S.K.: 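After the structure tokens below, expect a handful of questions from me.
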Amino acid sequence: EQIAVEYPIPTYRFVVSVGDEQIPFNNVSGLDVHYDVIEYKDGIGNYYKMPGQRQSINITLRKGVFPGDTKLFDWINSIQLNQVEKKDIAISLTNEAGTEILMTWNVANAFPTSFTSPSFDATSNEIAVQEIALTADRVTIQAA
Amino acid sequence: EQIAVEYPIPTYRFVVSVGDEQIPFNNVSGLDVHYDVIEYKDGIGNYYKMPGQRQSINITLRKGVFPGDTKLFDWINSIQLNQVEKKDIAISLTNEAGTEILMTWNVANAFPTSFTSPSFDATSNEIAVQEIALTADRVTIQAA
Amino acid sequence: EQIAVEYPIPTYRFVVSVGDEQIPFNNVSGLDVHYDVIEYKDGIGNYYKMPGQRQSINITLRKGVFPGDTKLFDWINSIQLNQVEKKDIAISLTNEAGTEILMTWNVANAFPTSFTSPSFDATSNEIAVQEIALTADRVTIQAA
Amino acid sequence: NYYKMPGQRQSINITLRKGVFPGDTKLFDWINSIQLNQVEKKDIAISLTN
């Protein structure tokens, strides 16, 4: 008796922190893990398939533009040759009230690689939105 | 108490100036910063990723055609071999009344590379619109 | 006081002349100026960008088929080896009454390269339309 | 017994690439100053900077 049913978490209940500060973002995507496949074949019919080298992480974060707010462009603009400040990102799925954490996506050593300014369209009534693309080392999912 | 909420700036509240004169445009896009990624791998498992070389800026500006107006075509038509007059572009997001600047996009040393004439369609009721593509050196976002 | 506002010219108010005769066309497109970009990089950080060579013009003209009308096919069919009659094309934006010219597009030394016949469709109620493509030397915009 | 040892050191051959600039003839002037076996020998330093 008393069959219990659980539904998946809605995709809009998340919180993003960059470095050690929390930044309200609009969209986060690209938190994928990819492995190459190494194959070896024998003449007698053996076919070996094993995981290969893990690839780097590419993450794109998207948010609107607000007055007196240029932190992302300041981050991308502080690049000198190969020197840049690397930060750890953390995206967490929260409950409805937002007082608890259910799952966490941990991204380590992410630095900016591209910045996209809003498309200024005089014939549109939408909001101006900026985008930034980061390259990181490794992602890890931790259940709280 | 008194939670404060701010909304992003609408995308149509912008003013464009080319050189030292203001030109009413219809659409501005392409103000992106792109960095290459340099990767080095060691046999023991080290994986170094650093920013590479910054890429140039490609910007497209769009506006309608008006009687007795050929400034953009005159600019592109003045090219002799590799000699052309390079100008600085500035796109600023203004407030509602247009009496204040909230954010500015600074583009340095932009010269024309392509001009698109209106597509003359006798079956259309729309306005004739021209387009110009510029190649620049570097873009910078400054918060006013 | 008395703020003056001007609207862009509609795109359907144009007149086309091929050679020295005026031909009623339906659609004209491709009047674009393109320049290549030449780049030179120094070891100390210099990044020179200049315009390169101007590209040739490609123009497509579209119009319906009328009884006893084959001037375009006669033009394209008169090709013998590399010999063909080259003509000048002029597309002008007129006023509402069609008695005054506002803007003019000048095309020099255009010769046909491809002719497209109507797609005969027994299930369609549309008009049969022919198309021609020209290669030219240079396009120039003159304000009247 | 198989003895293997270093031998004589060889000379260095380097090439430099540079664009052509208005009024610039310095490299051709240097190569064009050769008289028989007489030439101005210079030291080249290449440094990786920030």
Side-chain angles (χ1 to χ4, degrees), chain A residues 24-26 36 52-60 62-86 107-138, chain B residues 5-16 24-41 45-55 57 59-64 91-95 100-107 127 129 138-144:
Chain A
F25 280 99
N26 216 42
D36 282 293
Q53 275 187 108
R54 181 178 82 220
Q55 301 174 15
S56 55
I57 318 291
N58 301 308
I59 285 173
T60 67
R62 151 129 56 81
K63 80 180 294 218
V65 307
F66 302 89
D69 174 27
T70 43
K71 274 159 298 263
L72 301 191
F73 182 79
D74 291 3
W75 189 15
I76 193 145
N77 200 34
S78 67
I79 291 179
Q80 276 151 59
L81 209 67
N82 62 338
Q83 295 176 20
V84 68
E85 158 93 1
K86 295 189 176 179
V107 202
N109 294 330
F111 61 99
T113 61
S114 100
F115 184 89
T116 303
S117 318
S119 206
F120 302 93
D121 189 356
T123 83
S124 150
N125 266 342
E126 319 301 339
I127 52 152
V129 178
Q130 79 202 95
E131 203 198 277
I132 190 162
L134 316 186
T135 281
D137 275 0
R138 158 202 93 263
Chain B
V5 177
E6 223 178 5
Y7 290 133
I9 303 158
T11 191
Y12 78 98
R13 291 184 185 148
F14 69 99
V15 166
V16 182
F25 281 99
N26 208 23
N27 181 279
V28 174
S29 78
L31 301 116
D32 317 338
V33 193
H34 291 273
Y35 283 85
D36 270 298
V37 179
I38 304 189
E39 302 169 358
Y40 175 75
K41 253 145 149 172
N46 286 315
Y47 194 5
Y48 303 97
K49 322 166 191 66
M50 44 218 102
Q53 272 186 288
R54 199 179 65 217
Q55 304 179 13
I57 314 294
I59 283 174
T60 63
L61 300 105
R62 181 118 55 70
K63 83 182 298 218
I91 299 102
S92 299
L93 277 177
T94 85
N95 62 343
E100 203 226 346
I101 301 302
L102 307 177
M103 203 156 302
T104 310
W105 280 254
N106 284 280
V107 197
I127 53 151
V129 159
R138 151 257 317 170
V139 71
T140 293
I141 312 180
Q142 147 96 30

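Quick note: numbers below take in every heavy atom, side chains included, and nothing from hydrogens, waters or symmetry partners. Convention: sequence-line order gives letters A, B, ...; per-chain numbering from 1.
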S.K.: Nearest 0.5 Å, what's the CZ-CZ distance between B:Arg13 and A:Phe120?
M.R.: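 Nearest 0.5 Å value for the CZ-CZ distance: 14.0 Å.
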S.K.: In terms of heavy-atom pairs under 4.5 Å with chain A, which of B:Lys41, B:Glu39, B:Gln55, B:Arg54 leads?
M.R.: B:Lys41
S.K.: Which atoms of B:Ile38 are under 4.5 Å from chain A, going by heavy atoms: the side chain, the backbone, both sets, or neither?
M.R.: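 It is neither, since no heavy atom gets under 4.5 Å.
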S.K.: Quick check: closest heavy atoms across B:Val37 and A:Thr113, and the distance to 0.1 Å?
M.R.: CG2-CG2, 3.7 Å
S.K.: Would you give the length of the straight line joining atom CG of B:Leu93 to atom OG1 of B:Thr11, rounded to the nearest 0.5 angstrom?
M.R.: 7.0 Å
S.K.: Going by side chain to side chain contact (heavy atoms under 4.5 Å, CB included), B:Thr94 matches just one of B:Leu102, B:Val15, B:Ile9. Which one?
M.R.: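 Exactly one pass, corresponding to B:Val15.
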S.K.: Between A:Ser114, A:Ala136, A:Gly68, which residue shows the highest count of heavy-atom pairs closer than 4.5 Å to chain B?
M.R.: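 Most pairs with chain B among the choices: A:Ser114.
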S.K.: Given that the side chain runs from C-beta out, which part of B:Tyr7 has a heavy atom under 4.5 Å from chain A: side chain, backbone, both or neither?
M.R.: backbone
S.K.: How long is the gap from CG on A:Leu72 to CG on A:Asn77, to the nearest 0.5 Å?
M.R.: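 Spacing of CG (A:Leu72) from CG (A:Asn77) equals 12.0 Å.
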S.K.: Check whether A:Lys63 gets within reach of chain B through its side chain, its backbone, both or neither, counting any heavy atom under 4.5 Å.
M.R.: neither
S.K.: At a 4.5 Å cut-off on heavy atoms, which part of A:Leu81 comes close to chain B: side chain, backbone, both, or neither?
M.R.: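 Just the backbone, heavy atoms under 4.5 Å.
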S.K.: I'd like to know which of A:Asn109, A:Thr70, A:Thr116, A:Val65 tops the heavy-atom pair count under 4.5 Å against chain B.
M.R.: A:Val65
S.K.: Measuring heavy-atom distances to chain B, does A:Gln53 have an atom under 4.5 Å in its side chain, in its backbone, in both, or in neither?
M.R.: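 For A:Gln53, the side chain is the part near chain B, not the backbone.
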S.K.: Measuring from A:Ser117:OG to B:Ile57:CD1, what's the distance to the nearest 0.5 Å?
M.R.: 8.5 Å
S.K.: With a 4.5 Å cut-off on heavy-atom pairs, point out which of A:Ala128, A:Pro118, A:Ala133, A:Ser124 contacts chain B the most.
M.R.: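 Between A:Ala128, A:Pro118, A:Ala133, A:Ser124, the count favours A:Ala128.
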S.K.: Using the ring pair (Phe, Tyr, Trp, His ring centres under 6.0 Å) criterion, which residues pair with A:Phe115? Sequence neighbours excluded.
M.R.: A:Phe73
S.K.: Can you tell me which portion of A:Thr135 sits under 4.5 Å from chain B's heavy atoms? Options are side chain, backbone, both or neither.
M.R.: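 Side chain only.
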S.K.: Only pairs of heavy atoms separated by less than 4.5 Å count here; which of B:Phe14, B:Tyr12, B:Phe25 has the most with chain A?
M.R.: B:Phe14
S.K.: In chain order, what residues pass the side chain to side chain donor-acceptor pair (under 3.5 Å) check against B:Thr60, with sequence neighbours excluded?
M.R.: B:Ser29
